[PDB]
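Close look at the chain arrangement
Listed below are the residues making up each chain.
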Amino acid sequence: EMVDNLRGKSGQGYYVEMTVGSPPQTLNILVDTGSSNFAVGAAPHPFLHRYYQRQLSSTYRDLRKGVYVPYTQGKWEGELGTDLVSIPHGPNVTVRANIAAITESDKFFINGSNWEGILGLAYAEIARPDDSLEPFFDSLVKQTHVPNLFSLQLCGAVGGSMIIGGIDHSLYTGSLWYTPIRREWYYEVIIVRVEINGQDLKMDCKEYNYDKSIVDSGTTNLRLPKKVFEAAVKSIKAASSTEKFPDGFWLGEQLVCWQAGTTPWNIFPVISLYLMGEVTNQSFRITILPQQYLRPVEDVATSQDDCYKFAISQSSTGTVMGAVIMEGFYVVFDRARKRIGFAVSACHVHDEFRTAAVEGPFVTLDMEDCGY
Ligand SMILES: COc1ccc([C@@]2(c3cccc(-c4cccnc4)c3)C[C@@H](OC)C(N)=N2)cc1
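Scoring rules and cut-offs
- Residues numbered from 1 in each chain as written, not as in the entry; some residues may be left out.
- Heavy atoms only, no water.
- Domains from an automatic or database assignment.
- Contact = heavy atoms within 4.5 Å.
- Buried area = accessible area lost by both parts, 1.4 Å probe.
- Salt bridge = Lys/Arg side-chain N within 4 Å of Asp/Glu carboxyl O.
- Helix = DSSP H or I, 4+ residues; strand = E, 2+ residues; numbered from the N terminus.
- Buried < 20%, exposed > 50% of the residue type's maximum accessible area, 1.4 Å probe, protein only.
- Near = heavy atom within 4 Å.
- Polar contact = N/O pair within 3.5 Å; in protein donor to acceptor, adjacent residues only side chain to side chain.
- Areas by Shrake-Rupley, 256 points an atom, 1.4 Å probe, with all protein chains shown as cover.
- Nonpolar A, V, L, I, M, F, W, Y, C, P; charged D, E, K, R; others polar.
- UniProt positions renumbered as here; feature names shortened; annotations may be inferred.

Our focus in this paragraph is the domain arrangement of the protein. In terms of domains, the protein is made up of domain 1 (14-146) and domain 2 (147-372). In this structure, domain 1 and domain 2 have C-alpha centres spaced 28 Å apart. Contacts between domain 1 and domain 2 engage 21 residues on the former and 27 residues on the latter. Here domain 1 meets domain 2 over a buried area of about 2000 Å², counting both sides, of which 64% is carbon and sulfur. In terms of surface lost to domain 2, no three residues of domain 1 exceed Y14, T33 and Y123, which account for 41% of the buried area on that side.

Here we come to the pattern of salt bridges. In this structure the tally under the stated criterion is twelve salt bridges. Here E134 makes a salt bridge to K142, at a shortest N to O gap of 2.8 Å. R285 is paired through a salt bridge with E359; the nearest N and O atoms lie 2.8 Å apart. Placement of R285 in strand β19 (residues 282-288) and of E359 in strand β26 (residues 357-363) is noted, with a sequence separation of 74 residues between them. What makes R285 partly exposed here is its relative accessible area of 21%. What emerges from the salt-bridge pattern is a single network uniting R193, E195 and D200.

For the bond from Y210 to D211, the omega torsion is 5°, close enough to zero to count as cis. With respect to the helices and strands, the residue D211 is situated in the loop between β14 (199-200) and β15 (213-215). The step from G360 to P361 runs through a cis peptide bond, and the omega angle for that step is 0°. Here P361 lies in strand β26. Despite not being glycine, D4 shows a phi value in the positive range, around 65°. In this fold, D4 is placed in the segment before β1 (6-8). Looking at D4, the relative accessible area reads 60%, which means it is exposed. Look at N281: it is not a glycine, yet its phi comes out positive at around 60°. Looking at the element boundaries, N281 is found in the loop between β18 (271-276) and β19.

Around the ligand, the structure places 19 residues, and the nearest of them are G11, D32, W76, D216 and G218. Between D32 and the ligand, the recorded distance is 2.7 Å, taken from a side-chain N or O atom to a nitrogen atom. The separation between a nitrogen atom of the ligand and a polar main-chain atom of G218 is 3.4 Å. Expressed as a share of its isolated accessible area of 590 Å², the protein-covered part of the ligand is 78%. Classifying every residue of the shell around the ligand by side-chain character gives eight nonpolar, nine polar and two charged. When residues of the shell around the ligand are sorted by domain, at least three fall in each of domain 1 (14-146) and domain 2 (147-372).

Residues annotated by UniProt as "active site" correspond here to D32 and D216. Tracing the backbone shows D32 in strand β3 (residues 25-32). Leave out the neighbours within four places in its chain, and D32 touches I118, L119, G120, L121, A122, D216, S217 and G218. For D216, the position within the fold is in the loop between β15 and β16 (222-225).

Our focus in this paragraph is the environment of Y186. Relative to the assigned elements, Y186 resides in the loop between β11 (172-180) and β12 (188-189). Separated by 27 residues in the primary sequence, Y186 and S213 have C-alpha atoms spaced 8.9 Å apart. Those residues within four positions of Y186 in sequence are excluded, and the remaining contacts are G34, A122, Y123, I126, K212 and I214.

The next thing to look at is the side chain of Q291. Relative to the elements of secondary structure, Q291 occurs in helix α4 (residues 290-293). Under the relative-accessibility criterion, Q291 is labelled buried at 16%. A distance of 3.0 Å separates the side chain of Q291 from the side chain of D351, its partner in a polar contact.

Next comes the structure, spelled out in structure tokens:
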């Protein structure tokens, strides 16, 4: 009953239906492994189809604590409380959880995204206003018998599955390979090697994780530290040199379009991210095809052709393996065993020549520790 419980628009996140309060109020909620608050629209906003009405819920309790979150791309503010929360196409339970009722915001809600709040699935360390505010998943596990694990299968064109409490074997093929969760704050991981069409970027591996690397379903792009980003764009450019693209394309701002069905996938290279394995100096790789890192835009006005944005961008806050990386993998957030599994998803990307893959093991004898 949990399969196919996600929806989404390209570049706008994936969301799950939830209810809040009594009687239940239905909301679509963005599934966000890069944050740790359950935060929902709770006042009118031009971009909100609907919002949480606390006065209509007889089970609401105000915690009499406010919360204000300025972040890079926007800001939001509201009031903390608790109320009854359920996931209709998730586990068959209702729990009491913290809820941040969003009363003011700037560039937080997205016009036409079809979601009205965010379900932060990461750990208390990064909850706002501080780490004493217990995140949703922690309340779910505490109050029920649900195992301390969830998995995400995000699919491109959008839709997918969030399975809570276990692994659905129908959602992947081949082996599940695990990388340690380095620290329970973000879902922090370690990248030990990067190749672009099999060619090693040859950087000290600490560079790949300056200053952290995270798995974040609430960021669209693959985001890379400046030095890594510059190196990767240079290699992608060298491989795709039979065609030259506007400057703005590489800055992730500008569309490139081809006539229907003629996208030259074969001129774009595959990116290999090798992730730390569960045993010393062993790793596995996930391979990323241009079908993932050239994100298709779905706008009626541009629909005659196939148009894309370059979904790799420069970061000053570390590597972010965002939704375009997660797409086509089945990703297991095995909180109980402090690890994240990757497998090829049933909706994995492929063409006649190449397929997204998860492969291992690889051993590297002369390895420093790759973490910051
Ligand atoms: C608790 O405060 C926040 C602040 C920002 C976020 C976002 C967030 C906020 C609003 C919208 C999105 C979003 C937008 C487009 C596509 N996907 C997600 C993300 C930012 C992003 O990390 C940089 C992330 N993982 N979640 C979540 C909770």
